[PDB]
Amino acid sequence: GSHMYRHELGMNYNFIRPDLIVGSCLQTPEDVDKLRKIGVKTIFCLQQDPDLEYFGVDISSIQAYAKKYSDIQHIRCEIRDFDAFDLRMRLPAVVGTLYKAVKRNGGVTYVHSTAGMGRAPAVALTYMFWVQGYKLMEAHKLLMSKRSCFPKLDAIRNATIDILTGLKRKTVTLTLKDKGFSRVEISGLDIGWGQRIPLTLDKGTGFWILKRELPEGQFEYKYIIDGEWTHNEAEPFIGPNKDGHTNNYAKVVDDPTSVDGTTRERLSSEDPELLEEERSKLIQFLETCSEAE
């Protein structure tokens, strides 16, 4: 559903494995005590400051409290909420940080976001996939059975491809016929659903235009026309989705017949089978990542 997080019911979480918890945000310094009691040695926080300010959480008091103890480490590795693109872009570095933390700290690892429904499950699932050796859909089935969430499989598949093959960007042009509009924006795409970017009305063209450089993948977006959310009937669209919403999408493709394009196709299937040389390459990347601080 649309609004499932209930901050007032306090920090909540599930063991995915005995050594790996996915949970919602710590709310008070005393929540550090709760995690120490179950053998948590790393608190891996994905929230940004506005997420914390929205719910009145004082992250500084939590960090200061955790520093009193030598048997738990609090780490901030920030990812924007409601932004599958930022998630795709951040996953490699974030999982690298987590990889180094778990190696150094051991015990139980507590991976959290605001709700523990999007970013934290995505990060934990990517860690199970790249580090712990699970097949992606094997880990996904396990995760979904332990905690109801929305773990952003498309972001994970794309981050994996980004590490293995690199990012190739091209100019994408989105356009909307004017019907006496004062303002036209797009949300979603590469900026997230919490953000909007204005289009320009072409002088004497009768059309609003946006040009953006995007890497390969499929990007859902929607127009805001004088403040009203609208999908453009003249561009590709998908839905209604679960939540009853229809979005436009931009499908960006480099070259399907190339070696990298052939790899992308294999890794974009539901359960992307990694070669062992690809697993070794993911670990090589993680090993280069700097430790928290």
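One-based numbering along the sequence shown.
Participant: Look up the CA B-factors in the entry and say which stretch, 49-57 or 226-234, has the higher mean.
Facilitator: If you average the C-alpha B-factors of 226-234 and of 49-57, the larger mean comes out for 226-234.
Participant: Taking the mean of the C-alpha B-factors per stretch from the entry, tell me the winner out of 180-188 and 154-162.
Facilitator: According to the PDB entry, the answer is 180-188.
Participant: Compare the CA B factors listed in the entry for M89, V102, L199, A120 and report the winner.
Facilitator: Answer for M89, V102, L199, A120: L199, with the highest C-alpha B-factor.
Participant: Can you work out whether the C-alpha temperature factor of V94 puts it in the lowest, middle or highest third of the chain?
Facilitator: For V94, whose C-alpha B-factor we compare with every modelled residue in the chain, the answer is the lowest third.
Participant: So where's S269 on the chain's Cα temperature factor ranking, which third?
Facilitator: It falls in the top third of the chain.
Participant: In terms of the CA temperature factor given in the entry, to which third of its chain does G116 belong: lowest, middle or highest?
Facilitator: Bottom third by C-alpha B-factor.
Participant: In terms of the CA temperature factor given in the entry, to which third of its chain does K146 belong: lowest, middle or highest?
Facilitator: It falls in the middle third of the chain.
Participant: For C289, return the chain-relative third of its C-alpha B-factor as stated in the PDB record: lowest, middle or highest.
Facilitator: Tercile = middle for this residue's CA B-factor.
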